[PDB]
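The form deposited in one PDB entry is given below as one chain in C-alpha cells.
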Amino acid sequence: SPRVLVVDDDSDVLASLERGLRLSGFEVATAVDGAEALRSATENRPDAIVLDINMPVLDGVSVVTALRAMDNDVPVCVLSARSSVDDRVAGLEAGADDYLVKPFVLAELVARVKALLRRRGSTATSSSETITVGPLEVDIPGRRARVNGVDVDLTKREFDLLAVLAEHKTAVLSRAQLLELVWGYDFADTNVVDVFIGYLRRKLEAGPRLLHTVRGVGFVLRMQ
C-alpha cells in the first residue's frame, strides 16, 4: 500500500485521518508537528504527505519550505485556508502540490491523495527539449524556465503546469484537462488550477503576457 504521512497538531483530527486513510487502503504514518513530520519523512520516505499548516514547533509552510529547500519533491497536499486578506494559500506558494480546506469529507482527501500518487508514479516522458514562447524558454527535461535569459523561480507543481502548457504551446487546455494531466485527478470542484495559473502569470510577467485565460474555454501559453 502507498505510504502516506499525515501531519496535524490536533490529535483528534490526526487519529480520524489515520483511521480513514488506513481503511481506504493506505499505509499511514503520523506526526504531531512539523519537526516530527521532517523526522518521519526522513526515517520512512512516504509516497505522499498530508500536511496541516498551523502547528507548534515547526508549522506547515515551514515544513514545505524545508522539504523543497532540501530538494525533496515528495508530493504534499496541505490542509489550509484562503487568507481573508489576501486570498493567499498558505503552503501552495511555498511548494505544496494541492490543498484542502477544513472541514472536509474524507472522500475529498482520498481523491487528492490518489491523484498525488498517480502523478508521482507517472513515468511518461516527452520528446520535448527546450520550448520557446516569445521571450520564454522552457527546458522540459532540465526543469528550468527563463524569460529573456533570466531564471524564473518556480515550484515543482508550477513548473509541472508550465511544462504541460508549453508541451501544448498555443493550445487551450481546459481546467479539467489540466486537473487530469498536471494534478493526476481522475474525478472535482477545486480552484487549484486557477490559483496556480495566477502564480505563473505573476512570475512570468514580473514582460508581454504569455499565459492567457480564456473564460469558459481554458488556458493557453502563447506569445501575445
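So that the term is clear: the rigid core is the largest set of C-alpha atoms that superpose within 1.5 Å between two forms. Only residues modelled in both forms are compared. Counting begins at 1, following the sequence as shown.
Missing deposited residues between residue 206 and residue 207: 1 to 3, all without coordinates in the entry. Per the record, residue 187 and residue 188 are separated by 1 to 3 deposited residues that have no coordinates. Judged by mean Cα B factor in the deposited record, 26-34 ranks above the other of 162-170 and 26-34. Note on 12-20 vs 211-219: mean CA B-factor is higher in 12-20. Take 75, 135, 95, 121 and read off each C-alpha B-factor from the entry; 121 has the highest. Comparing the listed residues 85, 154, 140, 100, the entry records the largest Cα B-factor for 85.
Residue-level temperature factors show residue 54 in the middle third of its chain, judged at the C-alpha atom. In the deposited entry, the Cα temperature factor of residue 177 sits in the bottom third of values across the chain's modelled residues. Among all modelled residues in this chain, the alpha-carbon of residue 48 has a temperature factor (C-alpha) in the middle third. In the deposited entry, the Cα temperature factor of residue 144 places it in the middle third of its chain's modelled residues.
In the deposited entry, the Cα temperature factor of residue 191 sits in the middle third of values across the chain's modelled residues.
Missing here is the form deposited in another entry; even so, the following discussion is about that form.
Here the two forms are overlaid on the core, and between this form and the one not shown the C-alpha of 82 is the only one among 102, 82, 118, 143 to shift by 2 Å or more. Panel note: the distance between the CA atoms of residue 91 and residue 122 is smaller in the other entry than in this form, the difference being 3 Å or more. Legend note: Cα of residue 83 to Cα of residue 94 is at least 3 Å farther in the other entry than in the depicted form. Comparing the forms between this form and the one not shown on their core, residues 80-88, 121-125 form runs of at least three in a row where every Cα shifts 2 Å or more.
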